[PDB]
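Cβ sites come from the backbone with ideal geometry, for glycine too, and all protein chains shown count toward neighbours. Each answer follows from the model by the rule given with it, or from the source it names; no laboratory instrument gave them.
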Number of protein chains: 2
Amino acid sequence: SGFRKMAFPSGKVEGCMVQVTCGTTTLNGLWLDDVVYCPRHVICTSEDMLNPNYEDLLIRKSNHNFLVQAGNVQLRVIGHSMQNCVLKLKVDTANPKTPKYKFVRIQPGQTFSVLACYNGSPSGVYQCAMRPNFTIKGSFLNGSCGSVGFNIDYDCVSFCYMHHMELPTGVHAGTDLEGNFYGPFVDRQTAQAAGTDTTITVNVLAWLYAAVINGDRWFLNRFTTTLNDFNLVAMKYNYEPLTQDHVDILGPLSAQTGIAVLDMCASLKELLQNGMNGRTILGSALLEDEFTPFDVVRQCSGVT
Amino acid sequence: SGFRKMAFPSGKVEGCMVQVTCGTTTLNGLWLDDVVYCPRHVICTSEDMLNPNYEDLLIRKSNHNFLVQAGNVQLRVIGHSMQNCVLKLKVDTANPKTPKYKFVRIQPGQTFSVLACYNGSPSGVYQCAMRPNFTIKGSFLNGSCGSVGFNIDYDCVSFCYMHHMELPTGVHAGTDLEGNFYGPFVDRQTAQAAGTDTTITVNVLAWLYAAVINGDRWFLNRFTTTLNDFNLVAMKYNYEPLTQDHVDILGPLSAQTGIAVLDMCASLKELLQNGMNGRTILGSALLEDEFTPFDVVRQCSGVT
Ligand SMILES: O=C(c1cc(=O)[nH]c2ccccc12)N1CCN(c2cccc(C(F)(F)F)c2)CC1
Ligand SMILES: O=C(c1cc(=O)[nH]c2ccccc12)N1CCN(c2cccc(C(F)(F)F)c2)CC1
């Protein structure tokens, strides 16, 4: 038993972390096969930061201006291209440590592991969720750009996130591995509206199922609700609307505990309308939405 | 910016995880050099579980009864010994993936990374703290025994914890890598008093320093206190007494923020006596004690 914010083992991804230097700027790259992927703002000076013309800036750059370093060995850049907001530097050596991988675009409410890197060196790993407003509440300092988010299915690493920037609000924005930003964000040092963030209702419910499994049952009640009634409370409290798909994905946790999904929604409804009254659920004094039903299922079943 | 419960990159430790089978029991082992370390209760049947005579049980076991498997390759056990509550199985092959390592005994209040394993396979990684009552609030299911806790200084992995058992209270107990249990716990399926757990006061203060650095300053006040006055509040609220050593270790965070340590104790004193009033500090509705001053310093400075 026990419930923790668990990240995937990061080893398969530490082997792909490299340092990318272009001019006086240094950030992290992702070396898979003979390609190193990195944020295209690596070619930025502090003058053009406000609104860069990346095509023109890249045109002044040649293979030999990108310096790719893996720990201590220099990689030979034989090609360079821009794919949306990422650079794909072609190198003459395939990464011997390349795992089985896919590049995937995750959906809001989905969770992934982040490997924070500085100078191509992994410094830590944490689990986070893509907020419905397409931001992540991560932990990143100067030099963290190019740090990736991923999931791991047995031996296959699905890369979903590349770190690009921090919004003035302290939240983080980045792209998928094809350079497509999650959200309306652009790689410009300009004021960007983060957007209204809602709570991932299916995930809070999944985390309530983990609480029942792990001993915490104080919040459980004699009440029930309908999807329509519950959603009125979710709208009031800026929670994501609960759909029948969400009810389906919660089927396994409903079966494991014996608590019908709408009975858990009623417990959640009361927690929203009345608060925790100074009590805790799984060691927390607030409702947690960064655990998907798959995460709770995995952490309470034991998938390696 | 951003504050997350960050674990160390787990790669160096995934390379040392093996499966240890003895009879019908399977748990995890730690392969460093030509030795595999594992919990000695691997030699237990379900009859002797209540009070095993481990010397007698080990006497009925020979090298060939311990099955060490690393992914798919079988290791040849050429020796076996009991060191406190761990078995040291000598194998004919040195682990090619052995990192620079030390075996260290951590102190209560100290934090480490755990790599949870099932069948010698890493399934996830999380950061936790050794509670003052020498327990850890981890996340472990059947087959997790032999999962280790560690810290990483640049390239050197300091192993500090080996997972052994779950107390009926849902908290976890285990040994250092020499087999010495943290706390009064014994490797017996018997009722064991967990002990009173206090809050790691220096760590909560360090986490309050991280909050100021990361933007959260609502809790800051015009008051101050003395070490003696503050400690009266800490005693009342079951917090660890704050010593002058704790004040010294907080010197760097005090210098970074400009807030004298006793001014932060006064903010903490008010939070203890008045609560958060429904507000949050670093995304949490309770005071967090699982970040040491070194962890906050590292996460707010960027050490890789
Ligand atoms: O490493 C970081 C950074 C990331 C982060 O998430 N948090 C921080 C907190 C404090 C200081 C720096 C950071 N940088 C340097 C590169 N930066 C940059 C440069 C050129 C152009 C752009 C662009 F986004 F506008 F394209 C962006 C973005 C900020
Ligand atoms: O893998 C686990 C386990 C660990 C854990 O932390 N949480 C769990 C939650 C649900 C089910 C099992 C566990 N086991 C199996 C081996 N066990 C054992 C066997 C023989 C002797 C002993 C001894 F501690 F008494 F020595 C202990 C201890 C429990």
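Details
Yes/no per residue for (1) assigned to a loop (DSSP other than H, G, I, E, B); (2) within 14 Å of chain A (Cβ to nearest Cβ); (3) away from ligand 1 (no atom under 16 Å from the Cβ); (4) closer than 27 Å to B:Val125 by Cβ:
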site: B:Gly149; (1), (2), (3), (4): no, yes, yes, yes
site: B:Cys160; (1), (2), (3), (4): no, no, yes, yes
site: B:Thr169; (1), (2), (3), (4): yes, yes, yes, yes
site: B:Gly183; (1), (2), (3), (4): yes, no, yes, yes
site: B:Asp187; (1), (2), (3), (4): yes, no, yes, yes
site: B:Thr190; (1), (2), (3), (4): yes, no, yes, no
site: B:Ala193; (1), (2), (3), (4): yes, no, yes, no
site: B:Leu208; (1), (2), (3), (4): no, no, yes, yes
site: B:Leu220; (1), (2), (3), (4): yes, no, yes, no
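- A:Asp48 vs. criteria away from every other protein chain (no Cβ under 14 Å) and touching a helix residue (DSSP H, G or I) at 6+ places or on another chain (Cβ under 9 Å): yes
- Within the stretch A:130-147, the only residue that satisfies the criterion of being surrounded by 23 or more Cβ atoms within 10 Å (Cβ to Cβ), among the hydrophobic types (A, V, I, L, M, F, W, C) and away from ligand 1 (no atom under 11 Å from the Cβ) is A:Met130.
- Residue match in the stretch B:55-62 (condition: within 16 Å of ligand 2 (Cβ to nearest atom), out of contact with any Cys (no Cβ under 8 Å at 6 or more places or on another chain) and closer than 30 Å to B:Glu240 by Cβ): no
- Single condition B:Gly179 does not satisfy, out of (1) under 16 Å from the mean Cα position of the chain (by Cα); (2) within 22 Å of B:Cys44 (Cβ to Cβ); (3) within 12 Å of chain A (Cβ to nearest Cβ): (3)
- Checking each residue in the stretch A:268-280 for being among the charged types (D, E, K, R) and either outside the structural domain of A:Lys236 (by CATH) or surrounded by fewer than 17 Cβ atoms within 10 Å (Cβ to Cβ) (or both) picks out A:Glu270, A:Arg279.
- Annotation note: of A:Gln107, A:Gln127, the sole residue that is out of contact with any helix residue (DSSP H, G or I) (no Cβ under 6 Å at 6 or more places or on another chain), among the polar types (S, T, N, Q), in the same structural domain as A:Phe150 (by CATH) and buried (at least 23 other Cβ atoms within 10 Å of the Cβ) is A:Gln127.
- Taking the numbered list (1) in a strand (DSSP E or B); (2) more than 11 Å from chain B (Cβ to nearest Cβ) in turn, A:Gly124 passes all entries but (2).
The rows are residues; the columns are (1) surrounded by 17 or more Cβ atoms within 10 Å (Cβ to Cβ); (2) touching a residue at least 60 places away in the same chain (Cβ under 8 Å).
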{"residue": "A:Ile200", "(1), (2)": "yes, yes"}
{"residue": "A:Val204", "(1), (2)": "yes, yes"}
{"residue": "A:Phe223", "(1), (2)": "no, no"}
{"residue": "A:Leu232", "(1), (2)": "no, no"}
{"residue": "A:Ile259", "(1), (2)": "yes, no"}
{"residue": "A:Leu262", "(1), (2)": "yes, no"}
{"residue": "A:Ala266", "(1), (2)": "yes, no"}
{"residue": "A:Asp295", "(1), (2)": "yes, yes"}
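- A count restricted to the stretch A:111-121 and to residues that are under 16 Å from A:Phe8 (Cβ atoms) and either more than 8 Å from chain B (Cβ to nearest Cβ) or surrounded by fewer than 22 Cβ atoms within 10 Å (Cβ to Cβ) (or both) stands at 4.
- From B:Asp216, B:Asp245, residue being under 21 Å from A:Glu288 (Cβ atoms) and either of a type outside the set (A, V, I, L, M, F, W, C) or not in a loop (DSSP other than H, G, I, E, B) (or both): B:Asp216
- Whichever residue in the stretch B:132-146 is within 12 Å of chain A (Cβ to nearest Cβ) and either closer than 22 Å to B:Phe291 by Cβ or not small (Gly, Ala, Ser) (or both) and, among such residues, is farthest from the chain's Cα centre (by Cα): B:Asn142
Residue-by-condition table, conditions (1) in contact with a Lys or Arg (Cβ under 9 Å, 6 or more places away or on another chain); (2) within 15 Å of ligand 1 (Cβ to nearest atom); (3) free of Cβ contacts under 8 Å to residues at least 40 places away in the same chain:
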{"residue": "A:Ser1", "(1), (2), (3)": "no, no, no"}
{"residue": "A:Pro9", "(1), (2), (3)": "no, no, no"}
{"residue": "A:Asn28", "(1), (2), (3)": "no, yes, no"}
{"residue": "A:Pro52", "(1), (2), (3)": "yes, yes, no"}
{"residue": "A:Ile59", "(1), (2), (3)": "no, no, yes"}
{"residue": "A:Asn63", "(1), (2), (3)": "yes, no, yes"}
{"residue": "A:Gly71", "(1), (2), (3)": "no, no, no"}
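- Apart from one condition, B:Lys88 fits all of (1) over 15 Å from the mean Cα position of the chain (by Cα); (2) within 11 Å of chain A (Cβ to nearest Cβ); the exception is (2).
- Single match in A:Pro99, A:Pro9, A:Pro108 (criterion: away from chain B (no Cβ under 13 Å), away from ligand 2 (no atom under 16 Å from the Cβ) and under 26 Å from the mean Cα position of the chain (by Cα)): A:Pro108
- A:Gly283 meets the stated requirement of being over 11 Å from A:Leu208 (Cα atoms), surrounded by fewer than 18 Cβ atoms within 10 Å (Cβ to Cβ), in contact with a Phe, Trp or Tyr (Cβ under 9 Å, 6 or more places away or on another chain) and within 14 Å of chain B (Cβ to nearest Cβ).
- Lone qualifier among B:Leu268, B:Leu272 - being over 24 Å from B:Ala7 (Cβ atoms), within 14 Å of chain A (Cβ to nearest Cβ) and not basic (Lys, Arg): B:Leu272
- B:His246 meets each of the listed conditions (1) more than 26 Å from A:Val171 (Cα to Cα); (2) touching a residue at least 12 places away in the same chain (Cβ under 8 Å); (3) away from chain A (no Cβ under 14 Å); (4) surrounded by fewer than 17 Cβ atoms within 10 Å (Cβ to Cβ) apart from (4).
- Out of B:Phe112, B:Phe103, B:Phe140, B:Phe150, sole residue that is in contact with a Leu (Cβ under 6 Å, 6 or more places away or on another chain), among the aromatic types (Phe, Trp, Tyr) and in contact (Cβ under 8 Å) with a residue 24 or more places away in the chain: B:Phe103
Let's see how each residue does on (1) of a type in the set (S, T, N, Q); (2) free of Cβ contacts under 8 Å to residues at least 12 places away in the same chain:
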{"site": "A:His164", "(1), (2)": "no, no"}
{"site": "A:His172", "(1), (2)": "no, no"}
{"site": "A:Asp176", "(1), (2)": "no, no"}
{"site": "A:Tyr209", "(1), (2)": "no, no"}
{"site": "A:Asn214", "(1), (2)": "yes, no"}
{"site": "A:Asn228", "(1), (2)": "yes, yes"}
{"site": "A:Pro241", "(1), (2)": "no, no"}
{"site": "A:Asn274", "(1), (2)": "yes, yes"}
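- Extreme residue, farthest from A:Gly2 (Cα to Cα), among residues of the stretch B:153-198 that are surrounded by 21 or more Cβ atoms within 10 Å (Cβ to Cβ) and of a type in the set (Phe, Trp, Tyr): B:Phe159
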